[PDB]
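Structure, as C-alpha cells:
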Amino acid sequence: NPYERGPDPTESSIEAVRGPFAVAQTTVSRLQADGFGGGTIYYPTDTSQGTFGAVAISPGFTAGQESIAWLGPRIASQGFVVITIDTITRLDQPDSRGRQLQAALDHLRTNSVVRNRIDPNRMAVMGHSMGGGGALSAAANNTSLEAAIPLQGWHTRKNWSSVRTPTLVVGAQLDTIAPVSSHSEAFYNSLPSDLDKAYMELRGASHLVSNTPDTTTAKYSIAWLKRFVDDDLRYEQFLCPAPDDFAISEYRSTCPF
C-alpha cells in the first residue's frame, strides 16, 4: 500500500488529539471560494512520506466553521488535508451543502499552498446534521469519493441506495433534532447492503456531541478515513468487529471490509 502514512495504529494513536504529523493551516476567504463560503485548510507539513488524501467537512443549519473546527487539525495530524467550510448562506439546505463540500474539495485541486500536498484522486466528505445530509448527497452525486461520514445527519431524503462510497453513519442515541430512527439508521438501512458501511450510535449523546471534541467520534472517523481513503488495512482492526467501546450504544457494519 503506497497510501499508508505514519506508524502502525493503536487505540491510543487513533484516540490522540494530535497524530504524528505536524500541521499548519491556510484560510480560503469567502471571495476566494468558488461554490462555497470559504474555510480553513489544515494540512501536514511533512511531505517526505507522500501526498495525502483530502477531506471536506460541513457544519449545520445556521452554523459556521467553529462548530466543527476541532475536527480539522485532529484529523489532519493523522495524515490528511482537511478543509472545514462555511456555507454560502447560513440557511443552505443539505442538497446545497453537498455541492459546497464538492466545490471545497475541488478548490483543493488548485490551492497554491496545498495542491502539491494532495492526492486529488482520494477524497472524502463529512458533516454535522444538515452538513451530514450534505456529505451523503455529495457521495450520492460523486461515486469516486472514497469515504462519507454523516455526523448526526439530517436530511429529508431517506433513500441512499445510489451511494457507492463507503459510509460511516455516526448517530447520537439521544438526538432529538435528527433522531437516529428516522435519520441516521434510516440512512444506513437504505445504503446498499453490499456497500462497505457501518452504523455507530454514541451512547447517551445529544445532537451537539460533534460540536465539542468527542474522542469516540474522532477515533472512528480516523479509522474510517484511514481504512477507505488510504485503503489502509492496518485500521480495519478498529472497525471489525464492533468496537469494544462503552461510548457506543449500538453498532452494525458490513465487516469484514
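Each chain of the C-alpha cells is named A, B, ... in the order shown, its residues numbered from 1; ligands are numbered from 1 in display order.
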*Please return as a list in words: the residues of region 168-257 of chain A that backbone DSSP assigns to alpha helix (DSSP H).*
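In region 168-257 of chain A, DSSP puts these residues in alpha helix (DSSP H): residues 184, 185, 186, 187, 188, 189, 190, 215, 216, 217, 218, 219, 220, 221, 222, 223, 224, 225, 226, 227, 228, 229, 236, 237, 238 and 239 of chain A.
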*Identify, with DSSP run on backbone atoms, the residues in region 152-186 of chain A assigned to strand (DSSP E), and express the list as a VMD selection string.*
chain A and resid 167 to 172
Please provide as a PDB file with C-alpha atoms, in the first residue's frame all residues within 12 Å of region 172-175 of chain A, with the sequence filter that same-chain residues fewer than 4 positions apart are discarded (counting only C-alpha atoms).
ATOM      1  CA  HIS A 128     -22.769  17.565  11.125  1.00  0.00           C
ATOM      2  CA  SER A 129     -26.584  17.492  10.918  1.00  0.00           C
ATOM      3  CA  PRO A 150     -22.567  11.919   8.299  1.00  0.00           C
ATOM      4  CA  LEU A 151     -22.422  13.008  11.958  1.00  0.00           C
ATOM      5  CA  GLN A 152     -25.970  13.044  13.379  1.00  0.00           C
ATOM      6  CA  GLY A 153     -27.022  13.686   9.820  1.00  0.00           C
ATOM      7  CA  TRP A 154     -30.249  15.435   8.883  1.00  0.00           C
ATOM      8  CA  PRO A 179     -33.354  11.361  15.684  1.00  0.00           C
ATOM      9  CA  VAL A 180     -31.476   8.252  14.592  1.00  0.00           C
ATOM     10  CA  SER A 181     -34.662   6.253  13.990  1.00  0.00           C
ATOM     11  CA  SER A 182     -35.895   8.474  11.143  1.00  0.00           C
ATOM     12  CA  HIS A 183     -32.500   9.812  10.024  1.00  0.00           C
ATOM     13  CA  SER A 184     -29.194   8.063  10.797  1.00  0.00           C
ATOM     14  CA  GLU A 185     -30.480   4.472  10.960  1.00  0.00           C
ATOM     15  CA  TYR A 199     -23.652   2.471  11.799  1.00  0.00           C
ATOM     16  CA  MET A 200     -22.300   3.758  15.117  1.00  0.00           C
ATOM     17  CA  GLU A 201     -24.522   5.183  17.867  1.00  0.00           C
ATOM     18  CA  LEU A 202     -22.935   7.233  20.647  1.00  0.00           C
ATOM     19  CA  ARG A 203     -24.436   6.244  23.984  1.00  0.00           C
ATOM     20  CA  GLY A 204     -26.404   8.912  25.845  1.00  0.00           C
ATOM     21  CA  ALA A 205     -25.401  11.555  23.321  1.00  0.00           C
ATOM     22  CA  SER A 206     -27.227  14.736  22.331  1.00  0.00           C
ATOM     23  CA  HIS A 207     -27.372  16.243  18.797  1.00  0.00           C
ATOM     24  CA  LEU A 208     -24.473  18.580  19.744  1.00  0.00           C
ATOM     25  CA  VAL A 209     -21.748  15.932  20.608  1.00  0.00           C
ATOM     26  CA  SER A 210     -19.897  16.730  17.304  1.00  0.00           C
ATOM     27  CA  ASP A 214     -15.579  13.842  21.234  1.00  0.00           C
ATOM     28  CA  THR A 216     -15.189   8.381  20.073  1.00  0.00           C
ATOM     29  CA  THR A 217     -16.227  10.464  17.060  1.00  0.00           C
ATOM     30  CA  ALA A 247     -19.337   5.098  24.493  1.00  0.00           C
ATOM     31  CA  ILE A 248     -21.036   3.075  21.730  1.00  0.00           C
ATOM     32  CA  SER A 249     -24.705   2.285  22.307  1.00  0.00           C
ATOM     33  CA  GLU A 250     -25.312   0.369  19.063  1.00  0.00           C
ATOM     34  CA  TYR A 251     -23.268  -0.866  16.123  1.00  0.00           C
TER      35      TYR A 251
END
*Spatial neighbours of residue 127 (chain A), max dist 10 Å, only C-alpha atoms, sep filter under 6 positions, as a PyMOL selection string*: chain A and resi 56-60+68+84-85+94+97-98+101+133-136+148-154+210
_Can you tell me which residues surround residue 228 (chain A) at a distance of at most 10 Å, considering only C-alpha atoms, apart from same-chain residues fewer than 2 positions away, and format the answer as a count of residues only?_
23
